[PDB]
Amino acid sequence: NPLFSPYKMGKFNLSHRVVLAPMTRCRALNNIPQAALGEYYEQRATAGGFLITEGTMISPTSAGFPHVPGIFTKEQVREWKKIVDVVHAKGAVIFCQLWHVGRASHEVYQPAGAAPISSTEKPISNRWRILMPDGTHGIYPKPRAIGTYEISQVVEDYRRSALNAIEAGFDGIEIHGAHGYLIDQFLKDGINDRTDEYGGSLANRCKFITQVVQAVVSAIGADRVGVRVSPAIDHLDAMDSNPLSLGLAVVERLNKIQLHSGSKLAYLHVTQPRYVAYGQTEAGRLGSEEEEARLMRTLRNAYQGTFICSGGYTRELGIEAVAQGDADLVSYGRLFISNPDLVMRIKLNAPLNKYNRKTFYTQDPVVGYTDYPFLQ
Amino acid sequence: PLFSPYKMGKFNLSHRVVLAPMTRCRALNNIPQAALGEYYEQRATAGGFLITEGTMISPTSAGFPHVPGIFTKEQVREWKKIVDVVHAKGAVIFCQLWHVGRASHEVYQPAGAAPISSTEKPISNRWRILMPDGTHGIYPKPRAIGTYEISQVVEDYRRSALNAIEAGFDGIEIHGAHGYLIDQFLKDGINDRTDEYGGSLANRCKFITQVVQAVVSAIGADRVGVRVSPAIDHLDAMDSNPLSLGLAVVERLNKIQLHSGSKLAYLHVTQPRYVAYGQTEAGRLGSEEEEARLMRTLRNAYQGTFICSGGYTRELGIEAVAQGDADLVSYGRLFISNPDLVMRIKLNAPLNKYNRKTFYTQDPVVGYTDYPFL
Ligand SMILES: Cc1cc2nc3c(=O)[nH]c(=O)nc-3n(C[C@H](O)[C@H](O)[C@H](O)COP(=O)(O)O)c2cc1C
Ligand SMILES: Cc1cc2nc3c(=O)[nH]c(=O)nc-3n(C[C@H](O)[C@H](O)[C@H](O)COP(=O)(O)O)c2cc1C
Ligand SMILES: [Cl-]
């Protein structure tokens, strides 16, 4: 089983290639990591296994979900420390994902009920909803387009949060630059309608992610920085006219940062679109995943370093990915929510527990969080 | 509730369990076979309603191998034999008229002509077609038919509906869903025409209206059912406002009934069962709520019998009928493996699992008529 051949990610000697994908769960009450998070990550930690935390706030305006943890205050750093320690005690490697949602927020999540910030004044359309604190779905509002100086301030928020993650003991950080969030709002030409140096050309649209990555790299070292993007996922109206061209443009910027820094990043993590095959239709089962696979393979081939694939992977698809050289590591989200011992279940080819979407974002410290059972 | 009798026009149905139309590819060389007779006979029940697999309305309307047609007198002759066996068991049966539009291939095109459609745009690479040898083929570039050709395709539906009646069917169902010909005109994500049949919702609905009117004027509204799927992920068939499109179709169907002075047999709607973006943070938020509203809105708007389909089980079907969401529920996959699904559902008995591997094979028995009764 290729998922169990060891992999050397920088200094880290991973014992297997099954990675815990970053997943927002909303148990960090009032943005403070809670003991429940410690139990949750400890359940999933394995010796030589790599874990990525849920998206974590880099500032007071960075959230668009309730009770997501932050790492911009010392109080938050002290609580993260306890989680990092328990995970390290199991022999796992863990990175903290730094997340700013940009326009994907609501006044209820902003200080003084201010408008969310973004590259643009254009709001996410009503084709999408936001989870409100009371559990209902809300409408995304119009964001405020930020200027060059404020952009440098947000970059500084990433730098300060990366330093704090290192202070908490994390092995590194992952820049959430995917799924239509703040960085993707600058990358995607379907969102970025700016006329200044951060808009228009591919170079201009890639300026923001480059500045963010360079700032964290210069603060903690490229080896402790992973980058996540999703050029072909249009979640929250984040489409680009040419996904592959955009993805390759980002990859070249990362390749350039590495050469200039004289060091490689921890990895490039890419989420791919995954089309569920509907069995109730005439030709749903006759589809092909070919094209989306070629896009992923091209980004991996273009990138000089470790590649982590994600998005609807199963045991069989993960084995295939590593076996064909399409990826070095494979991250799993939903199956890891319901299978604390996912790594062991994939090693033994055991049945996998079903997951309950209803409790993905609820606040209970146990229910739908740490009560999914281990192999008996 | 599924066994509470239902009156569908002049049809007194004994239960609400319907056999959904399902392509099975056993009609060798497009001619109905004795096998189909046994297959349908097996699932037929006294006072039960069945809808046949999609059936060709012209030589160029197919996109699957060995699907039956009803555009030749020979085909009509063989269908009659099947219809008789079904009536013998006291069941009501409608023949579904199917034209795939752009969802075709050169191998299914007698004159090597490009498949016809509303647009010049080909189905995307992520969708494939089933080839005669069982392999998957690539969808070719279709031809955006001219305004004048639309009338002749409507004529193909009309002649086919007449042929279905000549064959003895109690009625016909217009397949206007799942990204096939009619749906290629309805969905603004496909229809990029700038003429009378493109642009406004009204213009987009012109084709299905003309098809339904032609068949209604040929055999009577009481013998015509119509199937649509305002919101479905199949062969790149998307629309900006699924609700608006669905209600536009319902409004024109209601008008055809008023002007005809008789109601259609029913409106058949596929349940979206939308599951896109499950791998994202917010993709699924509000999805289930929107499709539920979409369906109830259409059900409340349509003046007549409403049949739901797509992902239904014994429990989900019971719920649909109990909550007033649908009058009849059609089952597809479970009916493939459970010939006596009706009886089984009635007794809450164990259901047989189905083998997809044999959904479209040509064996007249294996995976077709060999599923056990129990
Ligand atoms: C409940 C949930 C929360 C998520 N939260 C995040 C997040 O905070 N950051 C991120 O980059 N991706 C997030 N994702 C996307 C996942 O990291 C991952 O790409 C996806 O779950 C992989 O597909 P899979 O679930 O089929 O394994 C989330 C996904 C789910 C289902
Ligand atoms: C093998 C197969 C063939 C189908 N063929 C057709 C068809 O020719 N026409 C049509 O309108 N729907 C067709 N359908 C869709 C079904 O009528 C029905 O909506 C679907 O099977 C219902 O979902 P269920 O299988 O979960 O009950 C087909 C479905 C399957 C699984
Ligand atoms: Cl390191």
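Computation of the quantities below employed the complete heavy-atom set of this structure, encompassing side-chain atoms and omitting hydrogens, waters and symmetry-equivalent molecules. So that the names make sense, note that chain A is the first sequence line, chain B the second, and so on, each numbered from 1.
- With a 4.5 angstrom heavy-atom cutoff, A/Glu289 does not touch chain B via any of its atoms.
- Within a 6.0 Å sphere centred on CE of A/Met239, other residues, nucleotides and ligands contribute 12 heavy atoms or fewer.
- When heavy atoms are compared at a cutoff of 4.5 Å, A/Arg294 approaches chain B solely by way of its side chain, counted from C-beta outward.
- A salt bridge links B/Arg128 with A/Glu290: at least one charged nitrogen is closer than 4.0 Å to a carboxylate oxygen.
- When all heavy atoms of B/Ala282 and A/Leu236 are compared, the closest pair comes out as CB-CD2, 4.3 Å.
- A/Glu292 is not listed as a side-chain neighbour of B/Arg126, based on a closest heavy-atom distance of 4.5 Å or more.
- Heavy atoms closer than 4.5 Å to chain A are found in the side chain of B/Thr270, but not in its backbone.
- Distance OG/B/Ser229 to CD/A/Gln280: 9.5 Å, rounded to 0.5 Å.
- By the 30° and 60° cut-offs, the orientation of the rings of B/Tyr277 relative to A/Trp128 is perpendicular.
- Heavy-atom contacts from other residues, nucleotides or ligands closer than 6.0 Å to CD of A/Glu316 number more than 12.
- For chain B, the nearby part of A/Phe65 is the side chain; its heavy atoms alone come within less than 4.5 Å.
- Using a 3.5 Å distance cut-off with no hydrogens or angles, the side chains of A/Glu282 and B/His175 do pair a donor with an acceptor.
- Of the residues considered (B/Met22, B/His178, B/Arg333), B/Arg333 shows the highest number of contacts with chain A, using heavy-atom pairs under 4.5 Å.
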request  = Output, in order, the C-alpha distance, side-chain angles, deciding distance and verdict of side chain to side chain contact (heavy atoms under 4.5 Å, CB included) for A/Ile130 and B/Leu285.
outcome  = CA-CA 7 Å; A/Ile130 194 176; B/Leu285 297 178; 5.7 Å; no
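- Distance check, rounded to the nearest 0.5 Å: CD1 of B/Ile232 to OG1 of A/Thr281 gives 8.0 Å.
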